[PDB]
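One-letter residues, chain by chain:
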Amino acid sequence: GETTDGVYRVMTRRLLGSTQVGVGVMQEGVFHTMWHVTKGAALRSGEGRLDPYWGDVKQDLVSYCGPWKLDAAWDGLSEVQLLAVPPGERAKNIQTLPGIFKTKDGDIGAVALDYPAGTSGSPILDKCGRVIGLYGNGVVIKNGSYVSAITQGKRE
Amino acid sequence: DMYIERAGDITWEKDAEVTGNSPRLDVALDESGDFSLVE
Ligand SMILES: CC(C)c1nc2c(C(=O)Nc3cccc(CN)c3)cccc2[nH]1
């Protein structure tokens, strides 16, 4: 169906009404989203079907119709934009300076913005409009607020 | 069956709402892809 580059809502009709369970990026004919959004299930785009191609639970990422295409990285210094697509609400760009998730396997960028769980998969961008990662997998800090990692895949 | 719907273009927008802090957090990622805070 629609294979135009851009940001898309991931909807489901299994529950009451049409519920938004996540968001994704269409780039170079590949749909990129978070694994916890689809659980690796097939997606519909009008009359067309999108089949999973690559997926990993630990990374929490999945790609449809082809290999993962997003490979831009956070420079570790500049502000970024979360292009938040919330359920029932219009896509909005929120500018923020990321924090740092310090891990035993290296440091990763982190965006401290609170959005409903169905906003998972919304892209995080650099000043060039390039997707540096997806929003939706992180931690809940002391006051109930969410801090998501800047999650990026590997371009093979 | 899940389905997709276009929500917009992927572009940087000048004069966007600037909000959110930058915390440095000690974290751990498990085999199930779940992050947890290390204390
Ligand atoms: C704290 C709450 C308001 C909140 N939860 C979230 C979530 C969330 O719970 N993500 C999730 C769920 C299941 C599995 C995985 C991958 N391990 C990630 C995503 C975005 C924004 C959020 N705000």
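All residue numbers refer to a per-chain count from 1 along the written sequence rather than necessarily to the numbering of the entry. Residues that lack coordinates are not shown. All chains are assigned letters beginning at A, and all ligands numbers beginning at 1, according to the order in which they are written. For the side-chain quantities, the full set of heavy atoms in the structure was used; hydrogens and water were omitted.

What the deposited record gives as its method is X-ray crystallography, and the resolution it gives is 1.9610 Å.

Novice: Can you lay out the sheet that holds strand 4 (residues 43-45) of chain A for me, pointing to particular residues and giving the numbers?
Specialist: Should DSSP find at least two bridges between two strands, the strands are regarded as paired. Helix and strand definitions follow DSSP, with helices as H or I runs of at least four residues and strands as E runs of at least two, each counted in order from the N terminus. Sheet architecture is open: eight strands sit in the order 5(A)-4(A)-1(B)-1(A)-2(A)-3(A)-7(A)-6(A), paired in mixed fashion. One side of each edge strand has no neighbouring strand; the edge strands of this open sheet are strand 5 (48-50) and strand 6 (52-56) of chain A. Going from strand to strand, the sheet's axes swing by 30 degrees on average, the running direction of each strand aside. The sheet contact formed by strand 4 of chain A and strand 1 (residues 2-8) of chain B spans two bridges and is parallel. Bridged to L43 of chain A within strand 1 of chain B is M2 of chain B. Note on geometry: axes are lines fitted to C-alpha atoms, helical ones only across the stretch in contact, with angles between N-to-C directions running from 0 to 180 degrees.

Novice: For the domain arrangement of chain A, give the residues involved together with the corresponding values.
Specialist: One frequent convention defines the size of an interface as the accessible area lost when the parts assemble. Residue and element names in this part refer to chain A. Domain ranges listed in this record stem from an automatic or a database domain assignment. Looking at chain A, the domain boundaries give domain 1 (6-64) and domain 2 (80-149). Relative to domain 2, the C-alpha centre of domain 1 lies at a distance of 18 Å. Buried area is a sum: the accessible area each of two parts loses on coming together, probed at 1.4 Å, counted once for each and added. Between domain 1 and domain 2, the buried area comes to about 1100 Å², and carbon and sulfur atoms account for 64% of it. Together, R9, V23 and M34 form the three largest contributors to the area buried by domain 1 at its contact with domain 2, with a combined 39%.

Novice: Tell me about the site of the ligand, residues and numbers included.
Specialist: To be near a molecule or strand, a residue needs just one of its heavy atoms within 4 Å of it. In the vicinity of the ligand, the contacting residues are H36, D60, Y115, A117, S120, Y135, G136, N137, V140 and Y146 of chain A together with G33 and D34 of chain B. Here a nitrogen atom of the ligand sits 3.5 Å away from a polar atom, N or O, in the main chain of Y115 of chain A. Definition of a polar contact: a pair of N or O atoms within 3.5 Å, with one able to donate and the other able to accept a hydrogen when the atoms are protein atoms, and with sequence-neighbouring residues admitted only if both atoms are side-chain atoms. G136 of chain A has a polar backbone atom sitting 3.0 Å from a nitrogen atom of the ligand. Along the lines of polarity and charge, the residues of the shell around the ligand split into five nonpolar, five polar and two charged. Only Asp, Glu, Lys and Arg are considered charged in this grouping, and only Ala, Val, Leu, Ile, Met, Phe, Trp, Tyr, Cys and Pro are considered nonpolar; every other residue, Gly among them, is considered polar.

Novice: Explain unusual backbone geometry to me, using residue names and the numbers behind them.
Specialist: A positive phi angle, near 60 degrees, is found at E28 of chain A, a position not held by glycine. Here the term buried applies to any residue with accessible area under 20% of the maximum for its type, exposed to any over 50%, and partly exposed to those in between, with areas from a 1.4 Å probe on protein chains only. Taking relative accessible area as the criterion, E28 of chain A reaches 42% and is therefore assigned partly exposed.

Novice: Kindly report on the interface of chain B and chain A, identifying the contributing residues and their values.
Specialist: Residue contacts are defined here by distance: any two heavy atoms, one from each residue, within 4.5 Å place the two residues in contact. Each partner contributes residues to the interface: chain B has 33 residues there, and chain A has 57 residues. Approximately 4000 Å² of surface area, both sides summed, lies buried where chain B meets chain A, with 61% of it carried by carbon and sulfur atoms. Among the residues of chain B in contact with chain A, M2, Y3 and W12 of chain B are the three that bury the most area, contributing 23% of the side total. On inspection of chain B and its partner chain A, the count reaches 19 residue pairs in polar contact. With seven residues, the top contributor of residues to the side of chain B that touches chain A is strand 1 of chain B. Split into classes, the residues belonging to the side of chain B that touches chain A amount to 14 nonpolar, nine polar and ten charged. Where strand 9 (residues 92-96) of chain A meets strand 2 (residues 17-18) of chain B, two bridges bridge the pair, whose relative direction is parallel. Residue pairing for strand 2 of chain B: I94 of chain A is matched across the bridge by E17 of chain B.

Novice: Quick one: what's the story with the pairing of strand 10 (residues 99-103) of chain A, residue by residue and with numbers?
Specialist: Relative to strand 11 (residues 106-111) of chain A, strand 10 of chain A runs antiparallel, the two being bridged by five bridges. Along strand 11 of chain A, the bridge assignment pairs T103 of chain A with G106 of chain A. Between strand 10 of chain A and strand 11 of chain A, which pair antiparallel one after the other, the connecting turn spans two residues. Pairing analysis gives three bridges linking strand 10 of chain A to strand 3 (residues 24-29) of chain B, with the strands arranged parallel. Among the inter-strand pairings, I100 of chain A is bridged to a residue of strand 3 of chain B, identified as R24 of chain B.

Novice: Outline the pattern of salt bridges, supporting the account with residue identities and numerical values.
Specialist: Residue and element names in this part refer to chain A. Salt bridge, as applied in this entry: a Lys or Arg side-chain nitrogen positioned within 4 Å of an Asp or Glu carboxyl oxygen. Applying the stated criterion across every chain yields a total of seven salt bridges over all chains. A salt bridge links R155 to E28, with the nearest nitrogen and oxygen atoms 3.2 Å apart. Of this pair, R155 sits in the segment after strand 15 (146-149) while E28 sits in the loop between strand 2 (19-27) and strand 3 (30-33), and the two are 127 residues apart along the sequence.

Novice: Give me the sheet that holds strand 11 of chain A: which residues, what numbers.
Specialist: With mixed pairing, the six strands of this open sheet are ordered in space as 14(A)-15(A)-11(A)-10(A)-3(B)-4(B). Every other strand in the sheet has two partners, leaving strand 14 (138-140) of chain A together with strand 4 (35-37) of chain B as the edge strands with one partner each. Geometrically, the sheet is characterised by an average inter-axis angle of 40 degrees between neighbouring strands, direction not taken into account. Inspection of the sheet shows strand 3 of chain B paired to strand 4 of chain B by three bridges, in the antiparallel sense.

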